[PDB]
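Printed here is data.csv (CSV, N, CA and C atoms):
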```csv
chain,number,residue,atom,x,y,z
A,1,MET,N,95.1,108.2,78.2
A,1,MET,CA,95.3,107.7,76.8
A,1,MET,C,95.6,106.2,76.8
A,2,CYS,N,95.5,105.5,77.9
A,2,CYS,CA,95.7,104.1,78.0
A,2,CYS,C,95.1,103.5,79.3
A,3,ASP,N,93.9,103.9,79.6
A,3,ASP,CA,93.2,103.4,80.8
A,3,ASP,C,93.4,101.8,80.9
A,4,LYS,N,93.3,101.2,79.8
A,4,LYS,CA,93.4,99.7,79.8
A,4,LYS,C,94.6,99.3,80.8
A,5,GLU,N,95.8,99.6,80.4
A,5,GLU,CA,96.9,99.2,81.3
A,5,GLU,C,96.7,99.7,82.7
A,6,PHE,N,96.4,101.0,82.8
A,6,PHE,CA,96.2,101.6,84.2
A,6,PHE,C,95.1,100.8,84.9
A,7,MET,N,94.0,100.6,84.2
A,7,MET,CA,92.8,99.9,84.8
A,7,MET,C,93.0,98.4,84.9
A,8,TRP,N,93.3,97.8,83.8
A,8,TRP,CA,93.5,96.3,83.8
A,8,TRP,C,94.5,95.9,84.9
A,9,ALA,N,95.1,96.8,85.5
A,9,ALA,CA,96.1,96.5,86.6
A,9,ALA,C,95.4,96.4,87.9
A,10,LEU,N,94.6,97.3,88.3
A,10,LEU,CA,93.9,97.3,89.6
A,10,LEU,C,93.2,95.9,89.7
A,11,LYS,N,92.7,95.4,88.7
A,11,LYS,CA,92.0,94.0,88.8
A,11,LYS,C,92.9,92.9,88.6
A,12,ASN,N,93.8,92.9,87.7
A,12,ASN,CA,94.7,91.7,87.5
A,12,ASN,C,95.8,91.7,88.6
A,13,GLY,N,95.6,92.4,89.6
A,13,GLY,CA,96.6,92.5,90.7
A,13,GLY,C,98.0,93.0,90.2
A,14,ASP,N,98.1,93.5,89.0
A,14,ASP,CA,99.4,94.0,88.6
A,14,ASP,C,99.7,95.2,89.4
A,15,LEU,N,99.6,95.1,90.7
A,15,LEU,CA,99.9,96.1,91.6
A,15,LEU,C,101.2,96.9,91.2
A,16,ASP,N,102.1,96.2,90.6
A,16,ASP,CA,103.4,96.9,90.1
A,16,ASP,C,103.0,97.9,89.0
A,17,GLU,N,102.0,97.7,88.3
A,17,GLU,CA,101.6,98.6,87.2
A,17,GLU,C,100.9,99.9,87.8
A,18,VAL,N,100.0,99.7,88.7
A,18,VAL,CA,99.3,100.9,89.3
A,18,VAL,C,100.3,101.6,90.1
A,19,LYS,N,101.3,100.9,90.6
A,19,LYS,CA,102.3,101.6,91.5
A,19,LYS,C,103.2,102.5,90.7
A,20,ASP,N,103.4,102.2,89.4
A,20,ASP,CA,104.3,103.1,88.6
A,20,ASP,C,103.6,104.4,88.3
A,21,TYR,N,102.3,104.4,87.9
A,21,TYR,CA,101.6,105.6,87.6
A,21,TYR,C,101.6,106.6,88.8
A,22,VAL,N,101.1,106.2,89.9
A,22,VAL,CA,101.1,107.1,91.1
A,22,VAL,C,102.5,107.4,91.5
A,23,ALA,N,103.5,106.6,91.0
A,23,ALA,CA,104.9,106.9,91.4
A,23,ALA,C,105.2,108.3,91.0
A,24,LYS,N,104.5,108.8,90.1
A,24,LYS,CA,104.7,110.2,89.6
A,24,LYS,C,104.5,111.2,90.8
A,25,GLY,N,103.3,111.5,91.1
A,25,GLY,CA,103.0,112.4,92.3
A,25,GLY,C,101.6,112.4,92.7
A,26,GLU,N,101.3,111.5,93.6
A,26,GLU,CA,99.9,111.4,94.2
A,26,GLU,C,98.8,111.7,93.1
A,27,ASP,N,98.2,110.7,92.6
A,27,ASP,CA,97.1,110.9,91.6
A,27,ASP,C,96.0,109.9,91.8
A,28,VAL,N,95.9,109.4,93.0
A,28,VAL,CA,94.9,108.3,93.3
A,28,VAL,C,93.4,108.9,93.4
A,29,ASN,N,92.9,109.3,92.3
A,29,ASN,CA,91.5,109.9,92.3
A,29,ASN,C,91.1,110.1,90.9
A,30,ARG,N,91.6,109.3,89.9
A,30,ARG,CA,91.2,109.6,88.5
A,30,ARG,C,90.2,108.5,88.0
A,31,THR,N,89.0,109.0,87.7
A,31,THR,CA,88.0,108.0,87.2
A,31,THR,C,88.5,107.3,86.0
A,32,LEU,N,89.0,106.1,86.1
A,32,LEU,CA,89.5,105.4,85.0
A,32,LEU,C,88.4,104.8,84.0
A,33,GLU,N,87.3,104.4,84.6
A,33,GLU,CA,86.2,103.9,83.7
A,33,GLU,C,85.4,105.1,83.2
A,34,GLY,N,84.4,105.5,84.0
A,34,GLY,CA,83.6,106.7,83.6
A,34,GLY,C,82.9,107.3,84.8
A,35,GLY,N,82.8,106.5,85.8
A,35,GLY,CA,82.2,107.0,87.1
A,35,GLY,C,82.6,106.2,88.3
A,36,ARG,N,83.8,105.7,88.2
A,36,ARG,CA,84.3,104.8,89.3
A,36,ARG,C,85.8,105.1,89.6
A,37,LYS,N,86.2,104.9,90.8
A,37,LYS,CA,87.6,105.2,91.2
A,37,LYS,C,88.4,103.9,91.2
A,38,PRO,N,89.7,104.0,91.2
A,38,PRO,CA,90.6,102.8,91.2
A,38,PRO,C,90.5,102.1,92.6
A,39,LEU,N,89.5,102.2,93.3
A,39,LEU,CA,89.4,101.5,94.6
A,39,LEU,C,88.3,100.4,94.5
A,40,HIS,N,87.4,100.5,93.5
A,40,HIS,CA,86.4,99.5,93.4
A,40,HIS,C,87.0,98.2,92.7
A,41,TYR,N,87.8,98.4,91.7
A,41,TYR,CA,88.4,97.3,91.0
A,41,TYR,C,89.5,96.7,92.0
A,42,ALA,N,90.1,97.5,92.7
A,42,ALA,CA,91.1,97.0,93.7
A,42,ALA,C,90.4,96.3,94.8
A,43,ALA,N,89.4,96.9,95.4
A,43,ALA,CA,88.6,96.2,96.4
A,43,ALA,C,87.9,95.0,95.8
A,44,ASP,N,87.2,95.2,94.8
A,44,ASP,CA,86.4,94.1,94.1
A,44,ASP,C,87.4,93.0,93.7
A,45,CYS,N,88.6,93.3,93.3
A,45,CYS,CA,89.6,92.3,92.9
A,45,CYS,C,91.0,92.8,92.9
A,46,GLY,N,91.5,93.3,94.0
A,46,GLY,CA,92.9,93.8,94.1
A,46,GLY,C,93.7,92.9,94.9
A,47,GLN,N,93.5,91.6,94.9
A,47,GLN,CA,94.3,90.7,95.7
A,47,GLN,C,94.4,91.2,97.1
A,48,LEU,N,93.5,92.2,97.4
A,48,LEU,CA,93.5,92.8,98.8
A,48,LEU,C,94.8,93.6,99.0
A,49,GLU,N,95.7,93.5,98.1
A,49,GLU,CA,97.0,94.3,98.3
A,49,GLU,C,96.8,95.6,97.6
A,50,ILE,N,96.2,95.6,96.4
A,50,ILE,CA,96.0,96.9,95.7
A,50,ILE,C,95.2,97.9,96.4
A,51,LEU,N,94.2,97.5,97.1
A,51,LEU,CA,93.3,98.6,97.7
A,51,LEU,C,94.1,99.4,98.7
A,52,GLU,N,94.8,98.7,99.6
A,52,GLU,CA,95.7,99.5,100.6
A,52,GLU,C,96.7,100.4,99.9
A,53,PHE,N,97.0,100.0,98.7
A,53,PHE,CA,98.1,100.8,97.9
A,53,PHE,C,97.5,102.2,97.6
A,54,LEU,N,96.8,102.4,96.5
A,54,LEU,CA,96.3,103.7,96.2
A,54,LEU,C,95.6,104.4,97.3
A,55,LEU,N,95.4,103.7,98.4
A,55,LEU,CA,94.8,104.3,99.6
A,55,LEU,C,95.9,104.8,100.5
A,56,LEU,N,97.0,104.2,100.5
A,56,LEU,CA,98.2,104.6,101.3
A,56,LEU,C,98.4,106.1,100.9
A,57,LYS,N,98.5,106.4,99.7
A,57,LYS,CA,98.7,107.8,99.2
A,57,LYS,C,97.5,108.6,99.6
A,58,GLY,N,96.6,108.9,98.7
A,58,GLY,CA,95.5,109.8,99.0
A,58,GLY,C,94.5,108.9,99.8
A,59,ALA,N,93.3,108.8,99.4
A,59,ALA,CA,92.3,107.9,100.2
A,59,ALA,C,90.9,108.1,99.6
A,60,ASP,N,90.6,107.5,98.5
A,60,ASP,CA,89.3,107.6,97.9
A,60,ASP,C,88.4,106.7,98.8
A,61,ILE,N,88.9,106.3,99.9
A,61,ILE,CA,88.2,105.4,100.9
A,61,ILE,C,86.9,106.1,101.3
A,62,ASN,N,86.8,107.4,100.9
A,62,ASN,CA,85.5,108.1,101.3
A,62,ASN,C,85.1,109.1,100.2
A,63,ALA,N,86.1,109.6,99.6
A,63,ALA,CA,85.9,110.6,98.5
A,63,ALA,C,84.4,110.6,97.9
A,64,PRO,N,84.0,109.4,97.5
A,64,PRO,CA,82.7,109.2,96.9
A,64,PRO,C,81.7,110.3,97.2
A,65,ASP,N,80.9,110.7,96.2
A,65,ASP,CA,79.9,111.8,96.3
A,65,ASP,C,78.8,111.4,95.4
A,66,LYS,N,79.1,111.1,94.2
A,66,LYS,CA,78.0,110.7,93.2
A,66,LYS,C,77.8,109.2,93.4
A,67,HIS,N,78.8,108.5,93.8
A,67,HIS,CA,78.6,107.0,94.0
A,67,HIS,C,77.9,106.8,95.3
A,68,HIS,N,77.6,107.8,96.0
A,68,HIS,CA,76.8,107.6,97.3
A,68,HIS,C,77.3,106.4,98.1
A,69,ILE,N,78.5,106.0,97.9
A,69,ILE,CA,78.9,104.7,98.6
A,69,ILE,C,80.4,104.7,98.8
A,70,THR,N,80.9,103.9,99.7
A,70,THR,CA,82.4,103.8,99.9
A,70,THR,C,82.8,102.3,99.5
A,71,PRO,N,84.1,102.1,99.2
A,71,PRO,CA,84.6,100.8,98.7
A,71,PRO,C,84.5,99.7,99.8
A,72,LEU,N,84.4,100.0,101.1
A,72,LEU,CA,84.4,98.9,102.1
A,72,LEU,C,83.2,98.0,101.7
A,73,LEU,N,82.1,98.5,101.3
A,73,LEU,CA,80.9,97.7,101.0
A,73,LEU,C,81.2,96.9,99.7
A,74,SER,N,82.1,97.5,98.9
A,74,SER,CA,82.4,96.7,97.6
A,74,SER,C,82.9,95.3,97.9
A,75,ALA,N,83.8,95.2,98.8
A,75,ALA,CA,84.4,93.9,99.2
A,75,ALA,C,83.4,93.1,100.0
A,76,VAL,N,82.6,93.8,100.8
A,76,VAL,CA,81.5,93.1,101.6
A,76,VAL,C,80.8,92.0,100.7
A,77,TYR,N,80.1,92.4,99.7
A,77,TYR,CA,79.4,91.4,98.8
A,77,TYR,C,80.4,90.7,97.9
A,78,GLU,N,81.6,90.4,98.3
A,78,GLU,CA,82.6,89.7,97.4
A,78,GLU,C,83.1,88.4,98.1
A,79,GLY,N,83.0,88.3,99.4
A,79,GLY,CA,83.5,87.1,100.0
A,79,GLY,C,85.0,87.3,100.4
A,80,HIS,N,85.6,88.4,99.9
A,80,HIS,CA,87.0,88.6,100.2
A,80,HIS,C,87.1,89.2,101.7
A,81,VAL,N,86.4,90.3,101.9
A,81,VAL,CA,86.4,90.9,103.2
A,81,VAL,C,87.8,90.8,103.9
A,82,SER,N,88.8,90.5,103.1
A,82,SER,CA,90.1,90.4,103.7
A,82,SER,C,90.6,91.9,103.8
A,83,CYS,N,90.0,92.7,102.9
A,83,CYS,CA,90.3,94.1,102.9
A,83,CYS,C,89.6,94.9,103.9
A,84,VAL,N,88.3,94.7,104.0
A,84,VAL,CA,87.5,95.4,105.1
A,84,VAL,C,88.2,95.4,106.4
A,85,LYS,N,88.8,94.2,106.7
A,85,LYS,CA,89.5,94.1,108.0
A,85,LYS,C,90.6,95.2,108.1
A,86,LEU,N,91.7,95.1,107.4
A,86,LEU,CA,92.8,96.1,107.5
A,86,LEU,C,92.2,97.5,107.0
A,87,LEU,N,91.0,97.5,106.5
A,87,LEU,CA,90.4,98.8,106.0
A,87,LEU,C,90.0,99.7,107.2
A,88,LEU,N,88.9,99.5,107.9
A,88,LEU,CA,88.6,100.4,109.0
A,88,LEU,C,89.8,100.6,109.9
A,89,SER,N,90.8,99.8,109.7
A,89,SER,CA,92.0,100.0,110.6
A,89,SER,C,92.5,101.4,110.4
A,90,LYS,N,91.9,102.1,109.4
A,90,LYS,CA,92.3,103.5,109.1
A,90,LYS,C,91.1,104.4,109.4
A,91,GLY,N,89.9,103.8,109.4
A,91,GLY,CA,88.7,104.6,109.7
A,91,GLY,C,87.6,104.1,108.7
A,92,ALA,N,87.5,104.8,107.6
A,92,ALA,CA,86.4,104.4,106.6
A,92,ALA,C,85.1,104.1,107.3
A,93,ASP,N,85.0,104.2,108.6
A,93,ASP,CA,83.7,103.9,109.2
A,93,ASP,C,83.0,102.8,108.5
A,94,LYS,N,81.7,102.8,108.3
A,94,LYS,CA,81.0,101.7,107.5
A,94,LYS,C,79.7,102.2,106.9
A,95,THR,N,79.1,103.2,107.6
A,95,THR,CA,77.9,103.8,107.1
A,95,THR,C,78.1,105.3,106.8
A,96,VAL,N,79.3,105.6,106.5
A,96,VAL,CA,79.6,107.1,106.3
A,96,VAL,C,79.1,107.5,104.9
A,97,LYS,N,78.6,106.5,104.1
A,97,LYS,CA,78.1,106.9,102.7
A,97,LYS,C,77.1,105.8,102.2
A,98,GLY,N,76.9,104.7,102.9
A,98,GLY,CA,75.9,103.7,102.4
A,98,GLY,C,74.5,104.2,102.7
A,99,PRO,N,73.5,103.4,102.3
A,99,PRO,CA,72.1,103.8,102.6
A,99,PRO,C,72.0,104.1,104.1
A,100,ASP,N,71.9,103.1,104.8
A,100,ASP,CA,71.7,103.2,106.3
A,100,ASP,C,72.5,102.1,107.0
A,101,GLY,N,71.9,101.5,107.9
A,101,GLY,CA,72.6,100.4,108.7
A,101,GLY,C,73.0,99.3,107.7
A,102,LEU,N,72.7,99.5,106.4
A,102,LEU,CA,73.1,98.4,105.4
A,102,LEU,C,74.5,98.0,105.7
A,103,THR,N,75.4,98.8,105.4
A,103,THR,CA,76.8,98.4,105.7
A,103,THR,C,76.9,96.9,105.7
A,104,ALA,N,77.2,96.4,106.9
A,104,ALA,CA,77.3,94.9,107.1
A,104,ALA,C,76.0,94.3,107.5
A,105,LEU,N,75.1,95.0,108.1
A,105,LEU,CA,73.8,94.5,108.6
A,105,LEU,C,73.0,94.0,107.5
A,106,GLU,N,72.4,94.8,106.7
A,106,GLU,CA,71.5,94.3,105.6
A,106,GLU,C,72.3,93.8,104.4
A,107,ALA,N,73.6,93.8,104.5
A,107,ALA,CA,74.5,93.3,103.4
A,107,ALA,C,74.4,91.8,103.2
A,108,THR,N,74.6,91.1,104.3
A,108,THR,CA,74.6,89.6,104.1
A,108,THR,C,74.3,88.9,105.4
A,109,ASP,N,74.8,87.7,105.6
A,109,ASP,CA,74.6,86.9,106.8
A,109,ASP,C,75.9,86.2,107.2
A,110,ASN,N,76.9,86.2,106.4
A,110,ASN,CA,78.1,85.5,106.8
A,110,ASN,C,78.8,86.3,107.9
A,111,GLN,N,79.4,85.6,108.8
A,111,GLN,CA,80.1,86.3,110.0
A,111,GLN,C,81.3,87.1,109.6
A,112,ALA,N,81.7,87.1,108.3
A,112,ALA,CA,82.9,87.9,108.0
A,112,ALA,C,82.5,89.4,107.7
A,113,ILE,N,81.5,89.6,107.0
A,113,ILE,CA,81.0,91.0,106.8
A,113,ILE,C,80.5,91.5,108.1
A,114,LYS,N,79.7,90.7,108.8
A,114,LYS,CA,79.2,91.2,110.1
A,114,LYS,C,80.4,91.6,110.9
A,115,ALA,N,81.6,91.2,110.5
A,115,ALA,CA,82.8,91.5,111.3
A,115,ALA,C,82.9,93.1,111.3
A,116,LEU,N,82.6,93.7,110.2
A,116,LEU,CA,82.7,95.2,110.2
A,116,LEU,C,81.6,95.8,111.1
A,117,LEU,N,80.5,95.1,111.4
A,117,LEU,CA,79.5,95.7,112.2
A,117,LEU,C,80.0,95.6,113.7
A,118,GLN,N,81.1,94.9,113.9
A,118,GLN,CA,81.6,94.7,115.2
A,118,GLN,C,82.2,96.0,115.8
```
As a first step, turn the structure in this file into structure tokens.
Amino acid sequence: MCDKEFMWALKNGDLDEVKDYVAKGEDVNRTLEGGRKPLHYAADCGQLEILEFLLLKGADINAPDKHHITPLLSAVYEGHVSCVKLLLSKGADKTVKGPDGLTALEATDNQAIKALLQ
């Protein structure tokens, strides 16, 4: 009944706001938009701090089924890749849901993304 605050937080780094909601009892898997999880906005723009958060609890780091993709690639085409680093540190593999060797290979040419293909 208020996705705005809940959602507008993942992106505006209001990590303190998304932290209060899950403070209830593990609920890191609610499509706030219509077909996306709170890990795309956090990865796409979570000051790299928000992604590790809602991931610490559950782990939509792989959940994806209809999105046929995992959030590590979300940061890949973002230039942040500060998350991908501490990301696979948990696993998240890299091609566990992408097309194929795309992951970091066909994703770009900067040595930061290629860091995940390491």
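Residue nearest residue 93 of chain A within the list A:50, A:116, A:15, A:108: A:116 [criterion: smallest interatomic distance, all atoms listed in the file].
The space between atom N of residue 115 of chain A and atom N of residue 81 of chain A spans 9.9 Å.
Between atom CA of residue 104 of chain A and atom CA of residue 56 of chain A the separation is 23.8 Å.
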Listing only residues of segment 41-100 of chain A within 8 Å of segment 29-32 of chain A, what is the closest atom pair and its distance in Å (to one decimal) for each, using only N, CA and C atoms, sorted by chain and residue number ascending, as JSON lines?
```
{"residue": "A:54", "atom": "C", "partner": "A:29", "partner_atom": "N", "distance": 7.5}
{"residue": "A:58", "atom": "CA", "partner": "A:29", "partner_atom": "N", "distance": 7.2}
{"residue": "A:59", "atom": "N", "partner": "A:29", "partner_atom": "N", "distance": 7.1}
{"residue": "A:60", "atom": "CA", "partner": "A:29", "partner_atom": "CA", "distance": 6.4}
```
Resulting file, chosen residues, N, CA and C atoms, as a short mmCIF file (atom, residue, chain, number, x, y, z; two decimals), in the frame of the given file:
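Full text of again-v2.cif as output:
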```
data_model
loop_
_atom_site.label_atom_id
_atom_site.label_comp_id
_atom_site.auth_asym_id
_atom_site.auth_seq_id
_atom_site.Cartn_x
_atom_site.Cartn_y
_atom_site.Cartn_z
N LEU A 54 96.80 102.40 96.50
CA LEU A 54 96.30 103.70 96.20
C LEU A 54 95.60 104.40 97.30
N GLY A 58 96.60 108.90 98.70
CA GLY A 58 95.50 109.80 99.00
C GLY A 58 94.50 108.90 99.80
N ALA A 59 93.30 108.80 99.40
CA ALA A 59 92.30 107.90 100.20
C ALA A 59 90.90 108.10 99.60
N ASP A 60 90.60 107.50 98.50
CA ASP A 60 89.30 107.60 97.90
C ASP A 60 88.40 106.70 98.80
#
```
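Take atom CA of residue 117 of chain A and atom N of residue 35 of chain A: the distance between them is 28.7 Å.
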So which bits of segment 43-105 of chain A end up helix (DSSP H, G or I) when you DSSP the backbone, as number ranges by chain?
-> A: 43-45, 50-56, 71-76, 82-88, 102-105
Residue 5 of chain A environment, 7 Å, all atoms listed in the file, sequence neighbours closer than 4 positions dropped, as a list in words | residues 9, 10, 17 and 18 of chain A
Take the residues just selected and output them with N, CA and C atoms as a PDB file, in the coordinates of the input.
```pdb
ATOM      1  N   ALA A   9      95.100  96.800  85.500  1.00  0.00           N
ATOM      2  CA  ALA A   9      96.100  96.500  86.600  1.00  0.00           C
ATOM      3  C   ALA A   9      95.400  96.400  87.900  1.00  0.00           C
ATOM      4  N   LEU A  10      94.600  97.300  88.300  1.00  0.00           N
ATOM      5  CA  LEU A  10      93.900  97.300  89.600  1.00  0.00           C
ATOM      6  C   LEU A  10      93.200  95.900  89.700  1.00  0.00           C
ATOM      7  N   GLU A  17     102.000  97.700  88.300  1.00  0.00           N
ATOM      8  CA  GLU A  17     101.600  98.600  87.200  1.00  0.00           C
ATOM      9  C   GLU A  17     100.900  99.900  87.800  1.00  0.00           C
ATOM     10  N   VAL A  18     100.000  99.700  88.700  1.00  0.00           N
ATOM     11  CA  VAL A  18      99.300 100.900  89.300  1.00  0.00           C
ATOM     12  C   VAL A  18     100.300 101.600  90.100  1.00  0.00           C
TER      13      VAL A  18
END
```
Mind checking which residues fall within 7 Å of residue 45 of chain A, counting all atoms listed in the file, ignoring those fewer than 3 positions away in the same chain, and posting them as JSON, numbers by chain?
-> {"A": [10, 11, 12, 13, 40, 41, 42, 48, 50]}
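When only C-alpha atoms are used to compute distances to residue 24 of chain A, the closest of the residues A:4, A:36, A:89, A:57 turns out to be A:57.
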Skip residue 80 of chain A itself and residues of its chain fewer than 4 positions away, then list as a PyMOL selection string all residues within 9 Å of it, counting only C-alpha atoms.
-> chain A and resi 43-45+47-48+75-76+84+112
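Minimum atom-to-atom distances from A:105, A:51, A:63, A:28 to residue 86 of chain A were compared using only C-alpha atoms, and the lowest value belongs to A:51.
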Minimum-distance residue to residue 85 of chain A, chosen among A:97, A:66, A:114, A:38 (using only C-alpha atoms) = A:114
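Proximity to residue 106 of chain A was assessed for A:61, A:7, A:73, A:39 counting only C-alpha atoms; the smallest distance is recorded for A:73.
Closest approach to residue 69 of chain A among A:113, A:102, A:3, A:34: A:102, based on only C-alpha atoms.
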Restore N, CA, C and O atoms in segment 72-91 of chain A and list the result as a compact mmCIF listing (two decimals), in the frame of the given file.
```
# COMPACT_ATOMS: atom_id res chain seq x y z
N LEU A 72 84.40 100.00 101.10
CA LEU A 72 84.40 98.90 102.10
C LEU A 72 83.20 98.00 101.70
O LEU A 72 83.32 96.77 101.75
N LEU A 73 82.10 98.50 101.30
CA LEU A 73 80.90 97.70 101.00
C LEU A 73 81.20 96.90 99.70
O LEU A 73 80.69 95.89 99.45
N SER A 74 82.10 97.50 98.90
CA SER A 74 82.40 96.70 97.60
C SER A 74 82.90 95.30 97.90
O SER A 74 82.44 94.35 97.38
N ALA A 75 83.80 95.20 98.80
CA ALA A 75 84.40 93.90 99.20
C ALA A 75 83.40 93.10 100.00
O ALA A 75 83.28 91.90 99.89
N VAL A 76 82.60 93.80 100.80
CA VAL A 76 81.50 93.10 101.60
C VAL A 76 80.80 92.00 100.70
O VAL A 76 80.92 90.84 100.97
N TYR A 77 80.10 92.40 99.70
CA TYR A 77 79.40 91.40 98.80
C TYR A 77 80.40 90.70 97.90
O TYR A 77 80.10 90.47 96.73
N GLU A 78 81.60 90.40 98.30
CA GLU A 78 82.60 89.70 97.40
C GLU A 78 83.10 88.40 98.10
O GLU A 78 83.58 87.57 97.41
N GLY A 79 83.00 88.30 99.40
CA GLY A 79 83.50 87.10 100.00
C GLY A 79 85.00 87.30 100.40
O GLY A 79 85.56 86.52 101.11
N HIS A 80 85.60 88.40 99.90
CA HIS A 80 87.00 88.60 100.20
C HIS A 80 87.10 89.20 101.70
O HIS A 80 87.69 88.63 102.53
N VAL A 81 86.40 90.30 101.90
CA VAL A 81 86.40 90.90 103.20
C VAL A 81 87.80 90.80 103.90
O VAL A 81 87.93 91.13 105.04
N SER A 82 88.80 90.50 103.10
CA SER A 82 90.10 90.40 103.70
C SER A 82 90.60 91.90 103.80
O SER A 82 91.46 92.26 104.50
N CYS A 83 90.00 92.70 102.90
CA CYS A 83 90.30 94.10 102.90
C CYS A 83 89.60 94.90 103.90
O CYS A 83 90.13 95.62 104.71
N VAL A 84 88.30 94.70 104.00
CA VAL A 84 87.50 95.40 105.10
C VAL A 84 88.20 95.40 106.40
O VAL A 84 88.36 96.36 107.08
N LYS A 85 88.80 94.20 106.70
CA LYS A 85 89.50 94.10 108.00
C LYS A 85 90.60 95.20 108.10
O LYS A 85 90.44 96.18 108.81
N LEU A 86 91.70 95.10 107.40
CA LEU A 86 92.80 96.10 107.50
C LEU A 86 92.20 97.50 107.00
O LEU A 86 92.88 98.50 107.00
N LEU A 87 91.00 97.50 106.50
CA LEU A 87 90.40 98.80 106.00
C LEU A 87 90.00 99.70 107.20
O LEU A 87 90.74 100.69 107.46
N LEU A 88 88.90 99.50 107.90
CA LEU A 88 88.60 100.40 109.00
C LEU A 88 89.80 100.60 109.90
O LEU A 88 89.80 101.54 110.68
N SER A 89 90.80 99.80 109.70
CA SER A 89 92.00 100.00 110.60
C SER A 89 92.50 101.40 110.40
O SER A 89 93.32 101.95 111.09
N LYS A 90 91.90 102.10 109.40
CA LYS A 90 92.30 103.50 109.10
C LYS A 90 91.10 104.40 109.40
O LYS A 90 91.22 105.61 109.63
N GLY A 91 89.90 103.80 109.40
CA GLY A 91 88.70 104.60 109.70
C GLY A 91 87.60 104.10 108.70
O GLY A 91 86.96 103.13 108.96
```
